[PDB]
Amino acid sequence: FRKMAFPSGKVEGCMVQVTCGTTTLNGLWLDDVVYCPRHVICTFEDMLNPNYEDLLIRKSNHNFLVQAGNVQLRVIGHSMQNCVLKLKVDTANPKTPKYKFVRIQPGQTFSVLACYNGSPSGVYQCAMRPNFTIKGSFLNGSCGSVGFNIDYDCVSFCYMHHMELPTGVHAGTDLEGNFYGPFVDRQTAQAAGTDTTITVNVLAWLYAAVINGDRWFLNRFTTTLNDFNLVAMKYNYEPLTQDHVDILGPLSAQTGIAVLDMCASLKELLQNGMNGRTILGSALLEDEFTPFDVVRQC
Amino acid sequence: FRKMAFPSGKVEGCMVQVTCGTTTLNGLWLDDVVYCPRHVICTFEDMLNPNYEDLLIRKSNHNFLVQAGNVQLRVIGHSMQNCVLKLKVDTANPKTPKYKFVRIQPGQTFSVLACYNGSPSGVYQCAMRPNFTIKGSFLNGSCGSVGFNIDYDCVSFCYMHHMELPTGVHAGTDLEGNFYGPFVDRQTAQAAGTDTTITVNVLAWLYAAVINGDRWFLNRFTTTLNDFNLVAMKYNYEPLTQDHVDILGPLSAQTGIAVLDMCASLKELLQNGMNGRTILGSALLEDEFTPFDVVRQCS
Ligand SMILES: *[C@@](O)(CO)[C@H](C[C@@H]1CCNC1=O)NC(=O)[C@H](CC(C)C)NC(=O)c1cc2c(OC)cccc2[nH]1
Ligand SMILES: *[C@@](O)(CO)[C@H](C[C@@H]1CCNC1=O)NC(=O)[C@H](CC(C)C)NC(=O)c1cc2c(OC)cccc2[nH]1
């Protein structure tokens, strides 16, 4: 299995740069609105302790430089929604795809298009951790890069990049400007909560193994969801929700293995370990493939 | 530090579907030419042992159905270059990027745009293995998917997809239609030569691990180039040349770790194992980042 990103072209055509003073970052141009992190209005000194509402009072439409490449897009209005700025521009983007804004859950994967000065640099797949960080790859100038999924040519934007934590993981918002996790957009060292293993994705991995004939681990037992959840947490695994059980539905039907039967198999792996055995060639259980990712690859 | 592909937009605009009889696959549309695997002219019967010149002489321009999304492109000429078919069309692709065809060397990386029915599906990074296979992700209908690098707006196409070996690895050609490796476009079970590990790439990746605050595998030892190469070859690693040592220069300077000092770290990793420890989240020594890849991402 490869970590596979979606083709990035539909998002590349939406990337612009936004500058306010010498502060430059990336923006997302959809129809006649450009979305970007609101801290673009801050000076380095203001990022230490910002009052966004006051900083924005001193800004006008003509303080914002929006560029597609080197071509300036005239700003005709501005407003703030949570931690994102919305700049109304006088040109509707002809490359705007069909799109939606969605807020994802821990465990869901998405493609990140890393950008610098409005220019796309690379694309890779990330998973939202239970502690609401992603293990990204971002340098100075990457803020405003976005994460997305594509379903039948509709682009669902789910992430806009804001911050690197002292541990080197990354934090950001949805496209309505609401952070994932307890983080805030100020220049301070912030720490994430202890992370856990993404149980629903480990189960997807086990289904993937069964699909490919690697099924030694299937056991003879079963469990209730509540009993499994209580054991899972003693091993630093996320509890399952009803939504997790339902997104495992297609793989459960494909293999004939009930979701709760697979939970019982995983519970043995957790208690007894693997015993030098491997699954899909690895001694480690993988937790960054969603049930959808397994269906796409298999 | 993550496996990172090039943005695929410039390539997506070039992907089309090519159909001959009941055989369909993907093609690459640049200016007024569509490039695709030549076995699209074969009926599934044919693939068992094709005589390609003999089969192509018997086809007409109108046997080729080329679709760019919903629009049909009219084929007005065709020619064969090794394992690649070149269909001349009456329409120039307005989204043709600046491009070049290159043949890559083992150990080098490229981005793959996996396509089905002329529609792009996914993008990921691959390396050309020393045995000239690639460890990709390709299903039925993926033939004609391409691999590429991008350098300041210019797309260097280096791979066109043709085959999945029984072991699950993949094989293909350059855009002049010459296979990488000893493979042939006939429907047979084909084995590769014994693979080896790309040593310069593992070293580049260890430099990447240090830049992300993992220095655990480092040691106080040193080694000569030849003594390292003796141990490398014993572990089925490719030899490290002096040119490799020079390519590793910048990473050595940013970290202050001499190349042969890093070789001694790798020697210890090979001789003792990683002991249940992980490097950048991997339980295994990773060999599909080039020194260029590491610099581009870390800097
Ligand atoms: C943006 O590009 C800002 O425009 C930048 C992206 C990061 C730079 C390094 N890699 C990245 O992912 N984001 C920041 O610089 C943010 C700015 C905030 C939201 C105003 N700051 C941080 O990510 C940040 C600050 C501090 C810190 O201070 C004190 C101490 C430790 C970590 C840390 N991260
Ligand atoms: C193409 O899409 C063909 O148009 C297809 C891509 C592979 C299918 C599954 N995954 C892929 O990457 N390529 C093939 O089907 C090729 C066609 C040749 C070049 C004419 N054949 C194989 O990949 C192939 C044939 C055989 C085989 O025979 C008998 C036995 C074992 C493996 C095998 N692979």
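At what distance in angstrom do the alpha carbon centres of the range B:218-260 and the range A:68-121 lie from each other?
44
Report the net charge of residues surrounding A:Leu87, where surrounding means a beta-carbon distance below 11 angstrom and charges are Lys +1, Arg +1, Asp -1, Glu -1.
Once all neighbours under 11 Å are counted, the net charge is +3.
Please give the FRET efficiency for B:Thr22 paired with A:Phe1, using the beta carbon to beta carbon distance and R0 = 25 Å, rounded to the nearest 0.05.
Computed FRET efficiency for B:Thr22 and A:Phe1: 0.25.
Based on the Kirkwood radius over alpha-carbon pairs, what is the Stokes-Einstein translational diffusion coefficient of the range B:9-173 at 4 °C with 1.567 mPa s viscosity, in µm²/s?
81
Using only C-alpha positions, report the orientation-averaged shadow area of the convex hull of chain B, nm², one decimal.
16.2
Can you list the HN-Hα couplings for the range B:58-70, worked out from phi with the Karplus curve (6.51, -1.76, 1.60; θ = phi - 60°), rounded to whole Hz and with x for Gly and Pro?
Running phi through 6.51 cos²θ - 1.76 cosθ + 1.60 with θ = phi - 60° gives 8, 9, 10, 3, 6, 6, 9, 9, 10, 10, 10, x, 9 Hz.
Which value results for Rg/Rh of the protein assembly as shown when Rg is the Cα radius of gyration and Rh the Kirkwood radius based on the inverse mean 1/r?
Answer for the protein assembly as shown: 0.97.
Work out the mean other chain Cβ neighbour count within 10 Å for the residues of A:104-114 and drop it here as an integer.
For peptide A:104-114, the averaged partner shielding equals 1.
Checking the cross-link filter: which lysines have an alpha carbon closer than 27 Å to that of B:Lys234, excluding same-chain neighbours under 8 positions apart?
B:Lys135, B:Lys267
Which loop-located trypsin sites (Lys or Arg not before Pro) does the range A:191-240 contain, where loop means any DSSP state but H, G, I, E or B and the Cβ has at most 11 other Cβ atoms within 10 Å?
Of the trypsin sites (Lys or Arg not before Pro), the ones in loops of the range A:191-240 whose Cβ has at most 11 other Cβ atoms within 10 Å are A:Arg220.
From a point 7 Å beyond the Cα of A:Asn226 in the direction of its Cβ, which residues of the range A:169-204 have a backbone N at a distance under 13 Å?
none
Please enumerate, by chain and number, the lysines with C-alpha under 23 Å from the C-alpha of A:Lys100, excluding those fewer than 8 residues away in the same chain.
The reachable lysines, counting only those whose Cα sits under 23 Å from A:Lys100, are A:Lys10, A:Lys86, A:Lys88.
Applying the Karplus parametrisation 6.51 cos²θ - 1.76 cosθ + 1.60 with θ = phi - 60° to the phi angles of the range A:235-243, what ³J(HN,Hα) value in whole Hz is obtained for each residue in order, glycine and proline being reported as x?
Result, rounded to whole Hz: 10, 6, 9, 5, x, 8, 9, 4, 5.
Return the percentage of antiparallel bridges among DSSP beta bridges fully within the protein assembly as shown, rounded to the nearest 5 %.
Roughly 90 percent of the beta bridges in the protein assembly as shown run antiparallel, per DSSP.
Using the alpha-carbon centroid of each, what span in Å lies between the range B:14-38 and the range A:124-158?
32
Across the range B:199-298, how large is the tail of the calculated P(r) beyond 18 Å, expressed as a percent of all Cα pairs?
40
Quickly work out the A:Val295-to-A:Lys95 label distance, labels modelled 7 Å from Cα along the C-beta direction, and quote it in nm with one decimal.
Using points 7 Å along Cα→Cβ, the separation is 3.0 nm.
Amide H of B:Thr197 versus every other amide H placed in the peptide plane: which residues, excluding those fewer than 5 positions away on the same chain, fall under 5 Å?
When sequence neighbours closer than 5 places are left aside, the close amide H contacts are B:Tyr237, B:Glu238.
Run the helix sum for the protein assembly as shown: -39,500 (n - 2.57) per DSSP H stretch of 4+ residues, divided by residue count, reported at 222 nm to the nearest 500 deg cm²/dmol.
-6500 deg cm²/dmol
What FRET efficiency do you get for A:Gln81 and A:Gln271 if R0 is 51 Å and r is their Cβ-Cβ distance, rounded to the nearest 0.05?
0.60
Which residue, A:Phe183, A:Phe157, A:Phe221, has the most motion in a Gaussian network model of chain A that connects Cα atoms within less than 10 Å?
A:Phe221
Reconstructed Cβ throughout: ideal geometry from the backbone, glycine too, with neighbour counts over all protein chains shown. Bear in mind that the values in this text are calculations on the coordinates, not laboratory data.
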